[PDB]
Amino acid sequence: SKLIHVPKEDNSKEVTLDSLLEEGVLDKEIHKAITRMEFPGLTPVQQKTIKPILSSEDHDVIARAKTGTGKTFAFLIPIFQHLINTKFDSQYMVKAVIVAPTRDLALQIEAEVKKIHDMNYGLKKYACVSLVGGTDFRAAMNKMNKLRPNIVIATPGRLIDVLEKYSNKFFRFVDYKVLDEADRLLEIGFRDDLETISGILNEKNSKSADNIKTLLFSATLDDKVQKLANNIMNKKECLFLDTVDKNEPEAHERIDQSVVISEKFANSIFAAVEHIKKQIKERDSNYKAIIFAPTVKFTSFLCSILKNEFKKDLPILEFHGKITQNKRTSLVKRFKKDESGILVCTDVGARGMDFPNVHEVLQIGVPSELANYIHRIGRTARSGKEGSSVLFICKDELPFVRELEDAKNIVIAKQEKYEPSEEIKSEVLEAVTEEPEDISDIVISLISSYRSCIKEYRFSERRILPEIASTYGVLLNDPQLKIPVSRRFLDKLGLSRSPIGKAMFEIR
RNA sequence: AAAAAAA
Ligand SMILES: Nc1nc2c(ncn2[C@@H]2O[C@H](COP(=O)(O)OP(=O)(O)O)[C@@H](O)[C@H]2O)c(=O)[nH]1
Ligand code: BEF
Ligand SMILES: [Mg+2]
C-alpha cells in the first residue's frame, strides 16, 4: 500500500451543504438533516473529507483534525449517503462498522447518529445498533434482529464476540469500517483485536476480500499510522487528509494552557483544591470542569476529597472503568446537560467524549500516554467555544513537559510554582475519612502507574518513585513514615534488588 | 498493584 498527502490550505474554495446538494454528492434527505442543526456551516475537516470518502475505491482515507472540529459528522455524513446510494441492496445488512476505544464514546457516536434521525424521520429506515460491553448481550442481538441495522458502532471486545457468532448473518456486506481515535486503536492491546475484526470482515465479504473501505480519524497521528495500519487497509492507495500544519502543534489553539509545578506530588492535590475554590468563588459556582487523574483508586480518592468541600457548591461526578456501565452512561448524559459540576475521571474520558461548554480541564499528574495530553485538554474549547487547561505536577515530572516540546512541539507559556500552606493541608487531610490501609492501596496504584511510563516520559526512576511513594507519608501527616509492606510483596514487586525499594517501603 | 477493552 502507498500513501499520498494532501496538506492544509488557507485560500481553499468554500464547500457547503447547498454545494453538495448541487454536484450530486449528497441526497436531499441528508441535506435537510444537517441544515436543521443550525450550524453556521461545515467545519474545515467536514468540507475536506465528505468527498472523496464517497469517491470510488480504491481510496482509503486518513483525516487529521484538532479536537472539537466535528470529526464525528465528518464520517457520519458520507455513511448515510452511501446507505441511500445503496438503498435497494442488502437493506437488512450491516454496511458500516464504526469502532471506538471506549464504551461511552461508542454510545456517544450512536447518539449522534440518532440525532440525525431526529432531524429527519426519513433517515430512520437506516437503523443503528450499538454493540458494547457492559450491556445485555441477548437484548443487543434481539435489537440486531428487530431493526436489521445498516450502521453498527462498537468497541473491539464486544464486536469480536458477536462476529465470532453472527458474522454470516449481518456482516457479509460491509462496505465501510471506521476507526475513530485511530492511533489509540492501533496501539498495543488494541491492534491485535482490530486485526481480528478486520480479518473476519474481509474474509466474510460477499464480493471481495479487499472490498471494505477503511477510514482512520484522530486529532493525533503521523505517517507512522499507515505503517501500523498496513494490515487492515485493503485499497492499493490511501490519501491523507489534514487540516493542521505539519509543524503546528496538534493541540487546539484556543486553549489557554498553564502549568502549576510543586515540590512534592501530594502538593498538586492541595493546589488543585485551591484552584477550584478560587474558580467557584470567582465564577459564582457557575463552573463546569473535568479533573483527570492517573489511576482508578486515586480518582475515587480525589473524588472523596472534592465531595467533602465542594459538594455543597457543585455536583461531583466519579467516572472510571470500575463504575458500572449503567452508571457510566447515566453519568455521561447528566454532565452533558448540566451547566455546572466537576467530572473526576481516569482516561476513559480523555478521548472523544463531547461535553458542551466545559470551562476548564484540570490534571493531577501525567496522562496514560503522551498523546492523551492533547486529548485531555481537548475536552474543553470545543465547537467554537473557548476554554483553558491547568496541569498540576511536581518537580519530578518536568521531563514529561520537555518531552511534550520534543515530540509534539507542544510549548506551554504560563508556568508557576506552588507550595501548600499549613492551613489548606490541615483542611484536606482532616476531611479524609479513609483508613491507612486504604491510603496504602491508593499510593501503590500511583507507584504502579508512574512505574509504567518511566521510559516513555524520560523520567528518572531513582527520583520519581520515591517521591510518589512519599505521598503516603503526607496523607497520614508523617513525611518520614514509609508504607508498610510484606517481604513477599516487595520481592513480588521486583524492587527488592533496587536501592529505591528501601527508599519507598518499610518491610513490616 | 497499574489506563482502556467480550462473560
Ligand atoms: N459550529 C459547528 N459545530 C459543529 C459542527 N459539526 C459538529 N459540531 C459540534 O461539535 C461538537 C463536537 O464535535 P466532535 O464530533 O466531537 O468533533 P471531534 O472531537 O473532532 O470528533 C458536537 O457537539 C457538535 O454539535 C459544525 O459544522 N459547526
Ligand atoms: F478529537 Be476528539 F474526538 F475530540
Ligand atoms: Mg471524535
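So that the names make sense, note that chain A is the first sequence line, chain B the second, and so on, each numbered from 1.
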Distance, rounded to the nearest Å, where [X] contributes [atom1] and [N] contributes [atom2]:
{"X": "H375(A)", "N": "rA4(B)", "atom1": "NE2", "atom2": "P", "answer": "16 Å"}
{"X": "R451(A)", "N": "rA2(B)", "atom1": "CZ", "atom2": "P", "answer": "16 Å"}
{"X": "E187(A)", "N": "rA4(B)", "atom1": "CD", "atom2": "P", "answer": "14 Å"}
{"X": "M141(A)", "N": "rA7(B)", "atom1": "CE", "atom2": "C1'", "answer": "16 Å"}
{"X": "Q325(A)", "N": "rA7(B)", "atom1": "CD", "atom2": "P", "answer": "10 Å"}
{"X": "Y373(A)", "N": "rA3(B)", "atom1": "OH", "atom2": "P", "answer": "22 Å"}
{"X": "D347(A)", "N": "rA4(B)", "atom1": "CG", "atom2": "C1'", "answer": "9 Å"}
{"X": "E461(A)", "N": "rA2(B)", "atom1": "CD", "atom2": "P", "answer": "19 Å"}

Side-chain N or O of [X] closer than 4.0 Å to phosphate OP1/OP2 of [N]:
{"X": "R103(A)", "N": "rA6(B)", "value": "yes"}
{"X": "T346(A)", "N": "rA4(B)", "value": "yes"}
{"X": "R328(A)", "N": "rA5(B)", "value": "yes"}

Roughly how far, to the nearest 0.5 Å, is the CG atom of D104(A) from the CZ atom of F319(A)? 3.5 Å

Examine distances only and state if a side-chain atom of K414(A) and a backbone atom of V260(A) form a donor-acceptor pair shorter than 3.5 Å.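 No; zero donor-acceptor contacts below 3.5 Å.
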
Is the base of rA5(B) touched by the side chain of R158(A) through a donor-acceptor pair closer than 3.5 angstrom?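 There is none.
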
Option from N205(A), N202(A), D60(A) for which side chain to side chain donor-acceptor pair (under 3.5 Å) with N234(A) holds: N202(A)

Could you tell me whether [X] contacts a base, only the sugar-phosphate backbone, or nothing, with contacts defined as non-hydrogen atoms closer than 4.0 Å?
{"X": "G365(A)", "answer": "nothing"}
{"X": "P367(A)", "answer": "nothing"}
{"X": "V296(A)", "answer": "sugar-phosphate"}

[X] side chain: which of [options] is closest?
{"X": "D161(A)", "options": "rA4(B), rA1(B), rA6(B)", "value": "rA6(B)"}
{"X": "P156(A)", "options": "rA4(B), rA5(B), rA1(B)", "value": "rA5(B)"}
{"X": "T155(A)", "options": "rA6(B), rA4(B), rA2(B)", "value": "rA6(B)"}

Between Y166(A) and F171(A), does the ring centroid distance fall short of 6.0 Å? no

Using 30° and 60° as the class limits, which term best fits the ring planes of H359(A) and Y287(A): parallel, tilted or perpendicular? parallel

